[PDB]
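> quick one: experimental structure and sequence below.
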Protein chains: 14
Amino acid sequence: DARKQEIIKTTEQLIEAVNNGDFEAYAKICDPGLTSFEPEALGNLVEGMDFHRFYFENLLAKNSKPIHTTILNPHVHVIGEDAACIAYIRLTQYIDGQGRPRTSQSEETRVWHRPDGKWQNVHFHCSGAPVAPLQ
Amino acid sequence: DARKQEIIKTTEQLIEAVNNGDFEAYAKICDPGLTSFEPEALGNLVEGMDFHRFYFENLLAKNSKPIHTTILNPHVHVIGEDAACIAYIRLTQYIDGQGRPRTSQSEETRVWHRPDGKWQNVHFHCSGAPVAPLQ
Amino acid sequence: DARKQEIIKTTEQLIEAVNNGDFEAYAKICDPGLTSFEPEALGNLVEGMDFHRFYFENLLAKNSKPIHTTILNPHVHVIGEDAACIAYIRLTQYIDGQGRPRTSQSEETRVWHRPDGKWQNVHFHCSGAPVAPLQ
Amino acid sequence: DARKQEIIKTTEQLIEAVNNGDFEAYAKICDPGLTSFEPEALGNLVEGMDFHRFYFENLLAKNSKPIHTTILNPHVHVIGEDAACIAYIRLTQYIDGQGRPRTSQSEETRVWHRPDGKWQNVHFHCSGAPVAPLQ
Amino acid sequence: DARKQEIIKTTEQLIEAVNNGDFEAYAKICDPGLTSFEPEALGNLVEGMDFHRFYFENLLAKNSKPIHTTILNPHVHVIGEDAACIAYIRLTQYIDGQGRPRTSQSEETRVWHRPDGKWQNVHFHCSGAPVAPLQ
Amino acid sequence: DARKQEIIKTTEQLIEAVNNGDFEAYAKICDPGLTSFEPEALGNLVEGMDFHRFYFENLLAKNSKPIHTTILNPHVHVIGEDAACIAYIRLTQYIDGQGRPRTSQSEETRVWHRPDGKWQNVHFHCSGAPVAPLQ
Amino acid sequence: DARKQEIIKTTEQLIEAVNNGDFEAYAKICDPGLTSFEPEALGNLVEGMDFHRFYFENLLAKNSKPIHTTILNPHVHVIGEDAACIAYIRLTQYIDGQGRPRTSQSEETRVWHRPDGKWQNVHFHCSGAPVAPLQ
Amino acid sequence: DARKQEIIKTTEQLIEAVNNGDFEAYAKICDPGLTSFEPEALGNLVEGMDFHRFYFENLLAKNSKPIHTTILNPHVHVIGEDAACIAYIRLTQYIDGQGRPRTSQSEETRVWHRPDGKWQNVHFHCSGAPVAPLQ
Amino acid sequence: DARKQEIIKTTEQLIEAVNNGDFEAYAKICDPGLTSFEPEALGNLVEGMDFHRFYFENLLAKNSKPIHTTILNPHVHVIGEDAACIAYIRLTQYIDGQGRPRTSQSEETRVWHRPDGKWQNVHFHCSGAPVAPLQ
Amino acid sequence: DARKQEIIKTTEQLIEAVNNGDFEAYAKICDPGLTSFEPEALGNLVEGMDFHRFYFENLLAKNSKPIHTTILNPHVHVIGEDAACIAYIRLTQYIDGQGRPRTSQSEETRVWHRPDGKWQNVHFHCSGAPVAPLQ
Amino acid sequence: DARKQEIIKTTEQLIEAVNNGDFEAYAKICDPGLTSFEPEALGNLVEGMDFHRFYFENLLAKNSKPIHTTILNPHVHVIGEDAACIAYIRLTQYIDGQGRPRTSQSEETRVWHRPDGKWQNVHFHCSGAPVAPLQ
Amino acid sequence: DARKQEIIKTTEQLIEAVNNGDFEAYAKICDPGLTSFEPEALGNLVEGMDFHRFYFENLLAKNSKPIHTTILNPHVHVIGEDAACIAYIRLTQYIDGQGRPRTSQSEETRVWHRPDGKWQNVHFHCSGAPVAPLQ
Amino acid sequence: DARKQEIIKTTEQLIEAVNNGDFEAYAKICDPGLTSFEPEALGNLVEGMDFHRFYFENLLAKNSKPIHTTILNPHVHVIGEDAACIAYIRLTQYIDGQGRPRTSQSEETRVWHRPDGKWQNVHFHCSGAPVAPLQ
Amino acid sequence: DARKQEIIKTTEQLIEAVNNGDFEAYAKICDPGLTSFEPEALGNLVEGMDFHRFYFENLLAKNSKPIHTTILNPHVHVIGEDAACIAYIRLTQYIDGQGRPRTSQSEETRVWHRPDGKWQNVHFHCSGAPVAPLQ
C-alpha cells in the first residue's frame, strides 16, 4: 500500500519538472549514467543528460501555453527495499498553432533505484507520440 | 564483470525458447504477474501469459524456416543483489514468402527479479518491428 | 408517463450547461466518480472531472456563436425508484469559420442514479462526431 | 467486493454464448425490450432480438476457427440492490483468411437489471471494431 | 390507434411481395397511374408499372439468398377517411458475393388512397441505398 | 382542371416565402406537426419548425443576390376534397462567390391537407442538391 | 390531338427497328440524305446510311439479351401539313457482362418530312449516353 | 440556292444578338413556346424565355471583352415553303482571366418556322462546350 | 468540276491498297523520293518506302477483321495541269480485342504530281490517331 | 539549285511577318482561299484569314520579348514552273513568365502557287507545339 | 564526296554486326582501348570490350524477331587523312511481347581512327533510348 | 604526357569562357561549322553559333552568383598530330533561388582539330543535367 | 607501382569468393573482429562473421545464373609496410526473374592489415545498391 | 587504452572545426591528397579540398543557430604505430526554418595516418543524412 504511493509521488514530480522547463530540478532526479529509448532518438539507445538539455534550452524553458496531463492505469513492481519499476499510459491535452485543443497518447516505463536514501531514475522507455507536440 | 554476464545468459535463453516455440520452458522464466508493452497490443498494457500463449499455439510452434537473431550494444543496470535491467537493439534475419532473405529491427527493455534463487522476468517493453515477420 | 419526463428534463438541463460553458452548474449534476467513453479520449476510459475542465476553460467558456441542438427518438429504461438509463441521437447545427451553417450527428448513452433525493450522472458513452465542431 | 464479481461473471457468460453461436442461451440473458448502439446499425438505435438473430444464423453458428478475448480494466457501478452498469476495453485475437494471427479493439458499456431474482441485459453500446472480423 | 396499424399492415404486405418477387400480388396493391422517385431512375419521375417489371423478371424472381428488413420509427399522417401518408427508415441485412453479411439504409415515403374499399399506393419516393444490393 | 391549379398556386407561394426569408408567412403554410426528409438532416426524419428556423435566421433572411427557380413537369394526385400530393423537378439558377452563374437540381414531394378551409403542408421529401447553394 | 400521335407512332417504330437489328426496315424510314450528330462521331456531322450500317452488322444484329426503353415527356412541334419535330428524354434498362441490371439516359431530337405521303427522317441529334451500352 | 442563304442570314443575326446581350432583339426571333436542350439545363428539356433571360441580365449584357465566332460546314434541310432545319459546328475564340487567347467547340441544331411572313425559332439543341466560357 | 473528282479517285484507291495490305499496288502510287510526317516517326521527317514496308509485312498483310473508313469535307487545290493538293478529315471504325466497335479520327494532307501521264504522291502529313488501332 | 533557294526565301519572309505582328505584310503572302490544319483549331480545317487575324490583334502585335527561330533539315519538292512544297522542323527559343529561357518544337508543311508572277501560300499544316508559347 | 561515304559504310557494317549478335566481327572493328558513354552504364565512362560481351552472350546472340533501323541526317567531320567523326539520329522499329510494332529514338556520336590501313572505333556516346528494347 | 595536358588546357579555357558569359572569347575557340547534341535541343542535331548566342545574351552574361565546376576522370584519345578527343564527367556546385547550395552531373564528349596551328572545337555531345541550373 | 597491384589482387580474390558462395575461402581473408556498414544492416555497425554467413547459406551458395562485375577508378592509400586502404565504384550486370539483363551501382571502401605476412580485411563500408539483386 | 583515446580526440577536433566554419584549422587536419564518398557527390569519389571549400564559404562560415552532435558506439582499429581507422554513428540536433528542434542520423568511417609526428586524415566515407540540414 504505502510503498507504491511514493513511486507514484516521485513519477509525478519528474513529469512536472519537464512541464515547467526546470532542468536544475530534473538533473537531481536522474542518475548521471541514465539511458533512454524514445521517438526522437531514431531507434538508438541514448546515455546521459546532454541529449535532453537541448529540449530544455531550445523549447521547454521558452513555451508557456496551457497543457494538462493524465496518468492512466499505473502498474508498480517492487523489487526489494531499494528498487522499483512503474508502467503507465499518458494522455496529453494541449493547444495547437490555430488555438484549438488537441489530444495525444504515449506508453511509458520508468526504472527507479534508491542510492543514499534518495530515489533516482536509471532507465526510461517511451512509445507512441513524440515529446514535442505537433502544434 | 561476472554478474552482468548471467543477465545476458538468461536473456539469450529466453529468446531461444520463443524461437523454438517452447511454451513450457518460456513459462518457467516468467513471473505469473508479468506485464507487457508491445506492438500487437495496440497501445494497451497486457498482464499474464494467455495473450502470448495464442502466438505459441497458432504460429511459433508450427513454423520451421531458418531465422537468425543478433543482440547489439546491450546495456545492463544492476540494482543490488536481487534485481537487474537490460536494454538492447535486436536485428532479425528471416526468409519471406517468395524465399528471399529480409531484415527487421526492434528496441527492447527487460526487467529481472531473483525470488527463490532463480531469475524471473517481471516486465517487458518492445518498440519497432512486430514479433510476427511480414513474410 | 411522469417518471420518464423528469429524466428528459435533467438530460436537457445537462446539455444546456455545456452549451453555456457553465462548469459550476455542470459540476453539481455529475457524481465525483463519473466515468466516460468519448472520441477525444482515443479509446481510453476517463474518470473524474479534470479531463472535461480543460474544454470548459480553453473553449466552451470563450466561444459565443449560435448553435442549435435536437434530441431524436429518446428511449428511457427505468430500473426501480433510484436508477435510470437514457439513449438518443443528437443533431447539432452550427456556423463554420467562413460563416456557413453546418450539421453533425452523435449517438449518446447516459446512466443516472438518485442519491440524497437528487439525480446525478454516473457514466456516459458517446459515438460519431467529436464535441469540438470542425469550424 | 462480492457484488461486483457476479456482474463480471454474467458479462463473461454472455460473451462466451456469442463466441459459441448459442442463440438459445443468449436469448435467456437479454430482456425482450433490449436496445443497442453498434457499428453494424449505421448510427441507428436497434430494439429487440431479430437484428442479432441474423448474425447467429448466417455467421456465428457456422464459423469454427480459434479466437481469444481479453477484458481490460473493467469498471463497475452499483445502483442499489437490483441495478448495475459495467464498462471495459475488449481485445480480440483471431486468424485471418491467409491463416495469420491478427488483433482488434472495441469499447463496450452494458446495463443490467435484476427482475425475478435473475440478472438480465437491458441496454448495450459498442465503439471501435465491428463484431464481424475482417479475415 | 387502430386506423394507423392497418397502414403499417398494408406497407409490410407490399415490402414482402417485393422480397418474394411476387409481381402478381404487387400489381394488385398499386394504382395503374402510380408515380415514383428512386435512385435507379437517375433523377426522373417514372409513371406506371413497366419500369419495375424489369427488376421482377431479371432479378427479384430469380434470387433466393437470405435477406432481413427492419422498419424504424414509422410516422403516419391520416388525411380523413380515405387517404394516408407513411414515412420511415429502412435497414436491409443481406449476404454478399463472398458470403459475408452486410447492411444498408434508405429513407422512404408512401402515399395511400382508398378507392372501392381497398387501399392502393399512388406515389412513392426513395433516398439512400439502391434497391439492388451491391453483393 | 381548376382543382389542380390551386395546388400549384399554394406550392409556388411556399417556395417564394423561402426565397424571401419570410418565416412569418412560411409558419402559416405549415402544420405544427410537419415532418421532413432532406439532405441537411443526414438521413433522419425531422419534426416541427425549429430545424428550419435556423436557416431562416442565419442565412435566408441575410442573403440578397439574384436567384431564379423553375418547376418542371409537376404531377398532381387528388385524394378526395381535402387531400392532395404534388411531385416535381426543381432547377435553381444562382450566382457563385466569384460572381459566375451556376445551376443545380432537386426532386421534391409535398403532401397537402385542408383543415378549416385552408391548405396546409403535413409532409415533405427532398433529393439531390442541398438547399444551401455551394457559392 | 390526332396529328401528334402519329409522330409518336413513327418514332416508336424507328426505335424498335434498331432494337431488333432490322436494317431493311430502318432503311425505309430514313431519307437517303439523312444527317446526324451523335456521341460515336467525335463531334463531326455524319451524312447517309453507311456509318450506321457498321453497328447493325457488327453488333445490333448479333446481340440478343433483354433491353427495355422508356420515352419521357415528348414535346411535338407541327410545322404545317408535311413537317414535324419531336424532342424527348430516353431511359434504357439493360443487363451488364456480370448479369446485373443497369440504367442510362440520353436526350434526342428527330426531324420528320412527308414526301410521297410517307413520313421520313431527315436529321437526328443525340446527347448523353452512347448507343453501345457499357456491359 | 437563294432559299438556303436566308436561313444562314437569320442564324447569323440570332448569334450576334446573343453576343451583344440584346435581349429585346433576341425575343423577336424566338417563338414564345420555344424548347431547348443545352449543357446548362443538366439533361432537362427547358421551355420559354425566362431560363435564358438570367444569362442576359447577370452576364451577357455586362461583359465587353473581344470574342470571335466561326460557323463551319452548315447543312440546310428545306421542308416546303414555311419550314427549315440548319446544323453546324461552332468555334469560339475568347480571352481568358489572365488575358490569353483560347478556343472552344460546340455542335448546334436549329429548327425554323415561317408564321405571318417572319422566320421564328421553335426548337434548339446544343452539344460540347457550355455557353459561359471558362475564363 | 471533273478535274477535282479524279484527285478524290486516286486518294480513295491509295487508302484501299493500305486496307488490303497490297504493298505492290501501293508502291506504284508513290514517288520513290516520297517524304512523310506521321505519329509513328516521333517528330522526324521520313523519306522513301522502307519505313512503311515494315507495317505492311508485320501487320497490314496479316490482319483480317472488318474496318470502315469515311472521308469528311475534302478540300482540293489545283495548281495548273500537273499538280494538286487534297486535305480532309478521316474517321475509322474498327473492332477491338474484346470484339467491341470503336472510332478514331485523323487529319491528313496529300500532295500529288503528274509525271509521264500518271498521278503519283510526293509528300504526306498526318495528325491525330496513329495508323495502328489500339485494339 | 537556284529555284529551291527562293522557296526558302519566301518561307523565311512569311515567318518574320508573324514574329513582327505585321498583318498587312502577311495578308499579301496568302491566297484569300487559304486553308489550314493547326493545334488551335481542335482538329477542324479552317479557311480564310479571320481565324488568324484574332492572334495578330490580341497577341502578336502586343508582345515584345526576345524570340529566336531555327529551320532544320528543309526538304523542297518542285512541281513544274508554278508550284512548290516545303517541309521542315521548327525550333523556337523564348523567355517564360519568370524570365527563364525555354525551347519548343513543331513540324510544318507549306504549299506554294505562282499566280501573276508572285508566290502565294494556298495550304498549311502544323503538328507539335501550339503557336502561343506557354510562358 | 568519296571519303565521307566510306565512313558511312563502316558505320553501317558496325550496326549490322550488333543486330546479328556477331561478336567476332564486332571485336575486329573496335580498338582494344575503346571508351563508351551509354544509358546502361548509369552515367559512368566504360572502357574495353567485356561490358558489351554480356549483352552479346545473354541477349543479342539469342533473340531472332524482325527489327528495322534507319540512320537520319548523318553529319561527317574529316580531320586529315587518318581521323573522322560521325553524328546521326537512329530510329528502331521492333515487335513487342504482344506482337505489336513499336518505334524508339537515340542520338549517337562515333569517333574513327585509321591505324595500319584499317578504320577502327576509339570512342562512342549514346543518348535517348536504351539498346535493350522494352518488349 | 605533354600532348594530353594541352587538350586539358584548351578544354578548361572553353568552360571558363561560358562561366564568364564571354561570347567573344568563346567564338574564337569554335569552328564556324560546329555541331552539337545537348538536352536543350530536344533530340535534334544543331549546327553553328546562333542557338548558343541566345543563352549568352539572355542568361550567362546577366547572372553573377558563385558557381564551382569539377572535371572528373578525363580520358584523352590522340589521333595523329592534328586531332584529339576528350571525354569526362562534370560536377557543378551552385546556389538556388532560396540561397541553398546544390549539385548536378553531366557526361561530355569534345572533338578537337588543329587548323592553322590553333586548336578549335568541331563537335560536342552532352548527357544528364541541362546547362541552365534549376535554381 | 608493385605494392598497389597486390591490394587490387586481394580485393579481386575477395569479390570472387562471394560470387562463388565460397564461405571457407572468404573466412580466411577476414579478421575475426571485422566490422561492417552496409544497406542490409539498417544503419547499424555489425561485427564478426555470422551476419554474413546467413547470405552464404540461404542465397549465395544456392544461386547459379550469370553475373559480371566491374571495378571502376580504384584509388589506393598505402600507410607504411603493413596497412592499406582501397576505394572504388562497383558495377554489377545480372539477369532478372523474367530473363532480362539489368545493371546496378555501389560505392565501397575496404581497410587491409598485414598480420603474420598475410593480408586480412578489418573494416568494410558500402553505399548504393543492396548485395541481393532485385531480380 | 591510451592510444584509442587520441584517435577519438582528433576526430572530435575535426567535427568542431566544421561546426565553427574554421576552414584554416580544417585544412591542417587533412592530407592534400584526401579522397571522399558522401551524399552531395552523387555517387562519385571526390579528391582534394576545393569541393568542401564551397560549403565553408557559402554556408558553414555564415550560419549561427544552435546545433548539438553525439558520437555513438565508436569502434577503433589500430594498424601498427602510424595508422588507425574509426567508425561510428552520428546524431545531429538542429533548429528548422520555423524554429522547431529536429534530429538526423549518419554513418561515418575515417582513416588516419601519422606523417611527421602529426595525425592527418587520408580518406572519408559517409552514409545517411546530407551534411546540409533540411531546415
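Good, I have the coordinates. Numbers count the residues shown, from 1 in each chain, chains lettered A, B, ... in the order given.
> which parts of chain A are strands?
A:30-37, A:46-47, A:67-78, A:83-95, A:101-113, A:120-128 (DSSP state E).
> tell me the angle the fourth one makes with strand B:120-128.
Translated: strand A:83-95. Interaxial angle of strand A:83-95 relative to strand B:120-128 (axes from the mean of the first three to the mean of the last three C-alpha atoms, to 10 degrees): 30 degrees.
> show me how far strand A:83-95 is from its chain's centre.
Computed by C-alpha atoms, centre = their mean, to the nearest Å, the separation of strand A:83-95 from the middle of its chain amounts to 7 Å.
> I'd like to check which residues are in contact with residue A:129.
When contacts are counted by C-beta atoms under 8 Å, 6 or more residues apart in numbering or on different chains, residue A:129 touches A:39, A:92, A:104, A:105, A:106. (C-beta placed from N, C-alpha, C; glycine too.)
> swap the cut-off to 10 Å and go again
Contacts for residue A:129 (C-beta atoms under 10 Å, 6 or more residues apart in numbering or on different chains) come out as A:39, A:90, A:91, A:92, A:103, A:104, A:105, A:106, A:107.
> nearest spatial neighbour of it, skipping sequence neighbours?
residue A:104 (4.0 Å; C-beta to C-beta, 6 or more residues apart in numbering or on different chains).
> for the one you found, give its distance to residue B:125.
As judged by C-beta to C-beta, to the nearest Å, residue A:104 and residue B:125 stand 19 Å apart.
> what's the longest helix in chain A?
helix A:2-20 (DSSP state H).
> list the helices and strands it packs on?
helix A:23-29, strand A:67-78, strand A:83-95, strand A:101-113, strand A:120-128 (3 or more C-beta pairs under 10 Å, 6 or more residues apart in numbering or on different chains; DSSP states H and E).
> out of these, nearest to residue E:46?
strand A:101-113 (50.3 Å; C-beta to C-beta).
> name every strand pairing with the closest one and say which way it goes.
strand A:83-95 (antiparallel), strand A:120-128 (antiparallel) (DSSP bridges).
> what's the angle from the shortest one to strand A:30-37?
What that stands for is strand A:120-128. 20 degrees.
> buried residues of strand A:120-128, list them for me.
Neighbour counts over strand A:120-128 (16 or more other C-beta atoms under 10 Å in any protein chain shown) mark A:120, A:121, A:122, A:123, A:124, A:125, A:126, A:127, A:128 as buried.
> find the residue at the geometric middle of chain A.
residue A:15 (5.0 Å; C-alpha atoms, centre = their mean).
> do you know how far the closest residue to that residue other than its chain neighbours is from chain E?
Counting by C-beta to C-beta, 6+ apart, residue A:69 is the residue found nearest to residue A:15 once chain neighbours are left out, at 6.2 Å. Note on residue A:69: its distance to chain E, by C-beta to the nearest C-beta, to the nearest Å, is 40 Å.
> residue A:103 reaches residue C:43, doesn't it?
No - using C-beta atoms under 10 Å, residue A:103 makes no contact with residue C:43, being 11.1 Å away.
> pretty sure residue A:68 contacts residue A:90?
No - using C-beta under 10 Å, residue A:68 makes no contact with residue A:90, being 11.4 Å away.
> excluding sequence neighbours, find me the nearest residue to the residue in chain A that chain J sits nearest to.
Proximity of chain A to chain J (C-beta to the nearest C-beta) peaks at residue A:97, 31.6 Å away. Nearest residue to residue A:97 in three dimensions, chain neighbours excluded: residue A:135, at 4.6 Å (C-beta to C-beta, 6+ apart).
> before we move on, what about residue A:120?
residue A:31 (4.8 Å).
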